[PDB]
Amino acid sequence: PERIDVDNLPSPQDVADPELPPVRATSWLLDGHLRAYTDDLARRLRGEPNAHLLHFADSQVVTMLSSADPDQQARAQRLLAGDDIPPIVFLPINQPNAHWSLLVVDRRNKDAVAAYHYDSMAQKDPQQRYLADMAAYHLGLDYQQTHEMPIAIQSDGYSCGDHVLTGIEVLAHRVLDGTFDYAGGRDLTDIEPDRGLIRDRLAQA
């Protein structure tokens, strides 16, 4: 006996991590940090016009798209590419224990889907675009059509996560203003990430 409660368990990626280390001035960002930031952002945009078009994807779900288990990758596609899923999706792309980069997919036009990849590294790694291609491939897109877009070049070896979070926040406010669609609307050449503001968001959330 000694019955164990299994009534309505969360999926593994939604289980909390109470031992999640705090972020500092020079540490690399973790996936738990990225999600805490986007969970708070989605809350700050709630009720604003056009906020219903955005969806910030969990990085763990981005990796499940390439899972060898077919049930897992099907769950990821239901979470990222369904009829009730917002058409503008932000996918964090992780090179394990190395780098972070951003991939955006816009599905407003179902007969022509646009994809944008942002990589803040000075000399780009072919392996990073490869992982962005796998994500688009598993989302039913042609990876050859993904655009390699401009973003501010990191001047340290730890703020690639900051560039990802800042680009997500900056672009989201452009969807709210309607400037996302102007010429150069998806250009992030002039962003300036702020470690202190990011730490502030995580504290007061």
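All residue numbers are counted from 1 along the displayed sequence.
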### Query
For the stretches 41-49 and 59-67, which has the higher mean C-alpha B-factor as given in the deposited record?
41-49
### Message
Mean CA temperature factor from the deposited coordinates, higher in 95-103 or in 69-77?
### Response
69-77
### Query
Going by the deposited entry, which of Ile153, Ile168, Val175, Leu34 has the highest CA temperature factor?
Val175
## Note on the structure
Residue set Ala115, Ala132, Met121, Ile85, per-entry CA B-factor max assigned to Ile85
## Note on the structure
Entry-reported C-alpha B-factor of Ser27 relative to its chain, by third, is lowest
### Task
Would you check the entry's CA temperature factor for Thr179 and let me know if it's in the chain's lowest, middle or highest third?
lowest
### Query
According to the PDB entry, is the CA B factor of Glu19 in the bottom, middle or top third of its chain, that is, lowest, middle or highest?
middle
